[PDB]
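To be precise, the following lines are structure28.pdb, and they hold PDB, C-alpha atoms.
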```pdb
ATOM      1  CA  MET A   1      11.422   7.074  -2.773
ATOM      2  CA  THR A   2      11.395   5.693   0.844
ATOM      3  CA  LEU A   3       7.679   6.529   1.113
ATOM      4  CA  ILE A   4       6.136   3.115   0.383
ATOM      5  CA  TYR A   5       2.372   2.835  -0.184
ATOM      6  CA  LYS A   6      -0.434   0.347   0.563
ATOM      7  CA  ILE A   7      -3.784   0.587  -1.281
ATOM      8  CA  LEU A   8      -7.021  -0.603   0.403
ATOM      9  CA  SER A   9     -10.774   0.192   0.550
ATOM     10  CA  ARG A  10     -11.931   3.182   2.651
ATOM     11  CA  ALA A  11     -14.423   0.986   4.565
ATOM     12  CA  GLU A  12     -11.455  -1.158   5.694
ATOM     13  CA  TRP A  13      -9.290   1.864   6.607
ATOM     14  CA  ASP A  14     -11.906   3.627   8.796
ATOM     15  CA  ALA A  15     -12.440   0.339  10.701
ATOM     16  CA  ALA A  16      -8.682  -0.101  11.278
ATOM     17  CA  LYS A  17      -8.446   3.594  12.263
ATOM     18  CA  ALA A  18     -11.217   2.953  14.839
ATOM     19  CA  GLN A  19      -9.212   0.063  16.363
ATOM     20  CA  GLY A  20      -5.864   1.833  15.956
ATOM     21  CA  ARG A  21      -4.588  -1.360  14.282
ATOM     22  CA  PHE A  22      -4.688  -3.076  10.870
ATOM     23  CA  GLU A  23      -3.953  -6.825  10.995
ATOM     24  CA  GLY A  24      -2.895  -8.802   7.908
ATOM     25  CA  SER A  25      -5.965  -9.253   5.668
ATOM     26  CA  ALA A  26      -6.604 -12.571   3.857
ATOM     27  CA  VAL A  27      -5.361 -10.919   0.629
ATOM     28  CA  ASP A  28      -2.026  -9.889   2.214
ATOM     29  CA  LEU A  29      -1.637 -13.281   3.943
ATOM     30  CA  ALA A  30      -2.505 -15.030   0.636
ATOM     31  CA  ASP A  31       0.456 -13.289  -1.069
ATOM     32  CA  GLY A  32       2.867 -13.235   1.891
ATOM     33  CA  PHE A  33       2.075 -10.939   4.862
ATOM     34  CA  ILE A  34       1.309  -7.191   4.573
ATOM     35  CA  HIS A  35       2.461  -6.364   1.024
ATOM     36  CA  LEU A  36       3.522  -2.719   0.652
ATOM     37  CA  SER A  37       4.665  -1.236  -2.703
ATOM     38  CA  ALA A  38       7.110   1.450  -3.896
ATOM     39  CA  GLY A  39       5.714   4.510  -5.745
ATOM     40  CA  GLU A  40       6.496   3.057  -9.201
ATOM     41  CA  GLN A  41       5.186  -0.425  -8.260
ATOM     42  CA  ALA A  42       1.978   1.014  -6.748
ATOM     43  CA  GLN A  43       1.089   3.063  -9.860
ATOM     44  CA  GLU A  44       1.584   0.042 -12.175
ATOM     45  CA  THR A  45      -0.352  -2.436  -9.991
ATOM     46  CA  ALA A  46      -3.029   0.262  -9.609
ATOM     47  CA  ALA A  47      -3.503   0.426 -13.403
ATOM     48  CA  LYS A  48      -3.640  -3.391 -13.627
ATOM     49  CA  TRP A  49      -5.725  -4.487 -10.602
ATOM     50  CA  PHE A  50      -7.101  -1.424  -8.743
ATOM     51  CA  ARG A  51      -8.640   0.016 -11.939
ATOM     52  CA  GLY A  52     -12.369   0.830 -11.638
ATOM     53  CA  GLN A  53     -12.130   0.952  -7.819
ATOM     54  CA  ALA A  54     -13.123   4.530  -6.860
ATOM     55  CA  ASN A  55     -12.976   4.128  -3.050
ATOM     56  CA  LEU A  56      -9.280   3.482  -2.349
ATOM     57  CA  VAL A  57      -6.918   4.794   0.355
ATOM     58  CA  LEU A  58      -3.177   5.317  -0.202
ATOM     59  CA  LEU A  59      -1.240   4.583   3.033
ATOM     60  CA  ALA A  60       2.206   6.269   3.005
ATOM     61  CA  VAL A  61       4.972   4.870   5.276
ATOM     62  CA  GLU A  62       8.534   6.310   5.519
ATOM     63  CA  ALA A  63      10.362   2.934   4.988
ATOM     64  CA  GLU A  64      12.481   2.876   8.217
ATOM     65  CA  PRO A  65      15.746   0.774   8.320
ATOM     66  CA  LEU A  66      13.959  -2.171  10.047
ATOM     67  CA  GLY A  67      14.652  -4.686   7.237
ATOM     68  CA  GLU A  68      14.056  -7.405   9.846
ATOM     69  CA  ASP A  69      10.264  -6.858   9.615
ATOM     70  CA  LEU A  70      10.092  -4.783   6.403
ATOM     71  CA  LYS A  71      11.671  -6.792   3.561
ATOM     72  CA  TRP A  72      11.792  -5.758  -0.106
ATOM     73  CA  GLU A  73      10.897  -9.324  -1.065
ATOM     74  CA  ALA A  74      10.446 -10.673  -4.604
ATOM     75  CA  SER A  75       6.807 -11.858  -4.662
ATOM     76  CA  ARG A  76       5.790 -14.483  -7.269
ATOM     77  CA  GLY A  77       9.522 -14.754  -8.064
ATOM     78  CA  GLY A  78       9.634 -11.321  -9.738
ATOM     79  CA  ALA A  79       9.387  -7.755  -8.358
ATOM     80  CA  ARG A  80      10.695  -6.825  -4.873
ATOM     81  CA  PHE A  81       7.670  -5.639  -2.861
ATOM     82  CA  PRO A  82       8.333  -4.395   0.742
ATOM     83  CA  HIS A  83       6.458  -6.958   2.893
ATOM     84  CA  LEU A  84       5.786  -6.152   6.569
ATOM     85  CA  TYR A  85       5.880  -9.392   8.618
ATOM     86  CA  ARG A  86       3.784  -7.881  11.462
ATOM     87  CA  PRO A  87       0.361  -6.094  11.896
ATOM     88  CA  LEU A  88       0.194  -2.502  10.579
ATOM     89  CA  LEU A  89      -0.619  -0.213  13.526
ATOM     90  CA  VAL A  90      -2.488   2.940  12.415
ATOM     91  CA  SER A  91      -0.367   5.083  14.787
ATOM     92  CA  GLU A  92       2.700   3.727  12.922
ATOM     93  CA  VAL A  93       1.563   5.036   9.497
ATOM     94  CA  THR A  94       2.943   8.416   8.311
ATOM     95  CA  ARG A  95      -0.020   9.791   6.284
ATOM     96  CA  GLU A  96      -3.118   8.691   4.323
ATOM     97  CA  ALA A  97      -4.436   9.845   0.920
ATOM     98  CA  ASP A  98      -7.896   9.056  -0.523
ATOM     99  CA  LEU A  99      -7.192   7.967  -4.128
ATOM    100  CA  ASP A 100      -9.662   8.178  -7.065
ATOM    101  CA  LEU A 101      -9.771   7.380 -10.839
ATOM    102  CA  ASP A 102      -8.998   9.419 -13.993
ATOM    103  CA  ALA A 103     -10.624   9.634 -17.471
ATOM    104  CA  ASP A 104      -9.489   6.042 -18.256
ATOM    105  CA  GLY A 105     -10.815   4.760 -14.921
ATOM    106  CA  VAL A 106      -7.287   4.155 -13.608
ATOM    107  CA  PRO A 107      -6.104   5.052 -10.041
ATOM    108  CA  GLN A 108      -4.404   8.288 -11.092
ATOM    109  CA  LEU A 109      -1.041   8.352  -9.287
ATOM    110  CA  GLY A 110       0.386  10.049 -12.401
ATOM    111  CA  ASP A 111      -1.020  13.372 -11.160
ATOM    112  CA  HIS A 112      -0.592  12.405  -7.474
ATOM    113  CA  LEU A 113       3.156  11.748  -7.977
ATOM    114  CA  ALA A 114       6.078  13.484  -9.763
ATOM    115  CA  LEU A 115       5.206  11.876 -13.156
ATOM    116  CA  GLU A 116       4.221  15.383 -14.367
TER     117      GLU A 116
END
```
Starting from the file, give its structure as structure tokens.
Amino acid sequence: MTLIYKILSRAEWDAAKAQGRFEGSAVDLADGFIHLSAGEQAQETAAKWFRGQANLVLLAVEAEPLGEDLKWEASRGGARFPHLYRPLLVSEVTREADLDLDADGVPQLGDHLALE
């Protein structure tokens, strides 16, 4: 889909937006640099881990052919998540989207995406 997404807490996003920059958080560095996710990957991981969290922000980035810094890398020896090997500047991001839960308490990308 080219538009890859990163989910984080609003409190973190507003702070980064104040600086104009978002450096690699301990969570991202713990996995392997800034871990972005494709639309399908984001929805799944949202249902698994981001469930119950009703204060999330969906950061949309238009891929860009810079595979040198943005690599669709297989984390944990499985799925290929696009990892950015440098700090995420706010002025670099395409658009944001405040994301909330559905009836099951899951981050509802099903309605937010073309799953309809």
Discussion item. Please expand the PyMOL selection byres ((chain A and resi 12-17) around 10) into the concrete residues it hits in this file, giving the result as a ChimeraX atom specification.
Written reply: /A:7-11,18-23,25,56-59,88-91,96
Output file for the selection above: C-alpha atoms, as a CSV table (one decimal), in the frame of the given file:
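File produced: out25.csv:
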```csv
chain,number,residue,atom,x,y,z
A,7,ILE,CA,-3.8,0.6,-1.3
A,8,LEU,CA,-7.0,-0.6,0.4
A,9,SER,CA,-10.8,0.2,0.6
A,10,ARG,CA,-11.9,3.2,2.7
A,11,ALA,CA,-14.4,1.0,4.6
A,18,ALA,CA,-11.2,3.0,14.8
A,19,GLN,CA,-9.2,0.1,16.4
A,20,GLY,CA,-5.9,1.8,16.0
A,21,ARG,CA,-4.6,-1.4,14.3
A,22,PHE,CA,-4.7,-3.1,10.9
A,23,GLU,CA,-4.0,-6.8,11.0
A,25,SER,CA,-6.0,-9.3,5.7
A,56,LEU,CA,-9.3,3.5,-2.3
A,57,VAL,CA,-6.9,4.8,0.4
A,58,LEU,CA,-3.2,5.3,-0.2
A,59,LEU,CA,-1.2,4.6,3.0
A,88,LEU,CA,0.2,-2.5,10.6
A,89,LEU,CA,-0.6,-0.2,13.5
A,90,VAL,CA,-2.5,2.9,12.4
A,91,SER,CA,-0.4,5.1,14.8
A,96,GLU,CA,-3.1,8.7,4.3
```
Wanna dump the segment 40-74 of chain A-segment 100-105 of chain A contacts at 9 Å for me, each residue with its shortest atom pair and the distance in Å to one decimal, counting all atoms listed in the file, ordered by chain and number, as a tab-separated table?
```
residue	atom	partner	partner_atom	distance
A:47	CA	A:105	CA	8.6
A:51	CA	A:105	CA	6.0
A:52	CA	A:105	CA	5.4
A:53	CA	A:101	CA	7.5
A:54	CA	A:100	CA	5.0
A:55	CA	A:100	CA	6.6
A:56	CA	A:100	CA	6.7
A:57	CA	A:100	CA	8.6
```
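Of the listed residues (A:69, A:62, A:44, A:99), A:69 comes nearest to residue 87 of chain A; the distances count all atoms listed in the file.
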Worksheet item: Using the chain letters and numbers from the file, which residues does the PyMOL selection byres ((chain A and resi 114) around 12) grab, as JSON, numbers by chain?
Response: {"A": [1, 39, 40, 43, 108, 109, 110, 111, 112, 113, 115, 116]}
Worksheet item: In Å to one decimal, how far is atom CA of residue 74 of chain A from atom CA of residue 94 of chain A?
Response: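 About the pair atom CA of residue 94 of chain A and atom CA of residue 74 of chain A: they are 24.2 Å apart.
With distances restricted to all atoms listed in the file, A:4 is the closest residue to residue 72 of chain A from A:46, A:4, A:106, A:29.
Rounded to one decimal, atom CA of residue 95 of chain A and atom CA of residue 63 of chain A lie 12.5 Å from each other.
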Item to complete: Expand the PyMOL selection byres ((chain A and resi 77-86) around 6) into the individual residues it matches in the shown file, reporting them as a ChimeraX atom specification.
Response: /A:33-37,69-76,87
Item to complete: Using only C-alpha atoms, find the one residue out of A:66, A:50, A:98, A:42 that sits nearest to residue 6 of chain A.
Response: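 Using only C-alpha atoms, residue 6 of chain A sits closest to A:42.
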Practice prompt. Could you tell me how far atom CA of residue 64 of chain A lies from atom CA of residue 5 of chain A, in Å and to one decimal?
Written response: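 Here the two named atoms are 13.1 Å from each other.
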Restore N, CA, C and O atoms in segment 22-35 of chain A and list the result as an mmCIF file, in the frame of the given file.
```
data_model
loop_
_atom_site.group_PDB
_atom_site.id
_atom_site.type_symbol
_atom_site.label_atom_id
_atom_site.label_comp_id
_atom_site.auth_asym_id
_atom_site.auth_seq_id
_atom_site.Cartn_x
_atom_site.Cartn_y
_atom_site.Cartn_z
ATOM 1 N N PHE A 22 -4.284 -2.369 12.089
ATOM 2 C CA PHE A 22 -4.688 -3.076 10.870
ATOM 3 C C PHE A 22 -3.915 -4.397 10.739
ATOM 4 O O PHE A 22 -2.750 -4.417 10.332
ATOM 5 N N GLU A 23 -4.558 -5.494 11.116
ATOM 6 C CA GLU A 23 -3.953 -6.825 10.995
ATOM 7 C C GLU A 23 -3.872 -7.279 9.527
ATOM 8 O O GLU A 23 -4.527 -6.713 8.650
ATOM 9 N N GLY A 24 -3.056 -8.299 9.268
ATOM 10 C CA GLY A 24 -2.895 -8.802 7.908
ATOM 11 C C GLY A 24 -4.174 -9.412 7.335
ATOM 12 O O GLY A 24 -4.627 -10.460 7.795
ATOM 13 N N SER A 25 -4.757 -8.749 6.338
ATOM 14 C CA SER A 25 -5.965 -9.253 5.668
ATOM 15 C C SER A 25 -5.679 -10.534 4.874
ATOM 16 O O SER A 25 -4.535 -10.799 4.496
ATOM 17 N N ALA A 26 -6.729 -11.313 4.606
ATOM 18 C CA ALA A 26 -6.604 -12.571 3.857
ATOM 19 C C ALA A 26 -5.838 -12.382 2.538
ATOM 20 O O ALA A 26 -5.062 -13.244 2.129
ATOM 21 N N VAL A 27 -6.057 -11.241 1.882
ATOM 22 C CA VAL A 27 -5.361 -10.919 0.629
ATOM 23 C C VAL A 27 -3.839 -10.805 0.848
ATOM 24 O O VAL A 27 -3.042 -11.392 0.108
ATOM 25 N N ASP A 28 -3.442 -10.042 1.867
ATOM 26 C CA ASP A 28 -2.026 -9.889 2.214
ATOM 27 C C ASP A 28 -1.405 -11.231 2.632
ATOM 28 O O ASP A 28 -0.324 -11.593 2.174
ATOM 29 N N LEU A 29 -2.104 -11.968 3.488
ATOM 30 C CA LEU A 29 -1.637 -13.281 3.943
ATOM 31 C C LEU A 29 -1.570 -14.294 2.783
ATOM 32 O O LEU A 29 -0.703 -15.167 2.762
ATOM 33 N N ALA A 30 -2.486 -14.163 1.823
ATOM 34 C CA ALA A 30 -2.505 -15.030 0.636
ATOM 35 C C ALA A 30 -1.248 -14.838 -0.231
ATOM 36 O O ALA A 30 -0.729 -15.791 -0.816
ATOM 37 N N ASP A 31 -0.774 -13.597 -0.324
ATOM 38 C CA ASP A 31 0.456 -13.289 -1.069
ATOM 39 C C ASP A 31 1.710 -13.582 -0.223
ATOM 40 O O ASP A 31 2.633 -14.272 -0.666
ATOM 41 N N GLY A 32 1.737 -13.040 0.990
ATOM 42 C CA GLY A 32 2.867 -13.235 1.891
ATOM 43 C C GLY A 32 3.023 -12.089 2.888
ATOM 44 O O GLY A 32 3.956 -11.290 2.784
ATOM 45 N N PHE A 33 2.099 -12.017 3.855
ATOM 46 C CA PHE A 33 2.075 -10.939 4.862
ATOM 47 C C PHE A 33 1.710 -9.581 4.232
ATOM 48 O O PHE A 33 1.414 -9.496 3.037
ATOM 49 N N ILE A 34 1.725 -8.520 5.038
ATOM 50 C CA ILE A 34 1.309 -7.191 4.573
ATOM 51 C C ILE A 34 2.204 -6.685 3.428
ATOM 52 O O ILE A 34 3.335 -6.248 3.645
ATOM 53 N N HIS A 35 1.690 -6.758 2.204
ATOM 54 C CA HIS A 35 2.461 -6.364 1.024
ATOM 55 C C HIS A 35 2.347 -4.859 0.731
ATOM 56 O O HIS A 35 1.308 -4.373 0.279
#
```
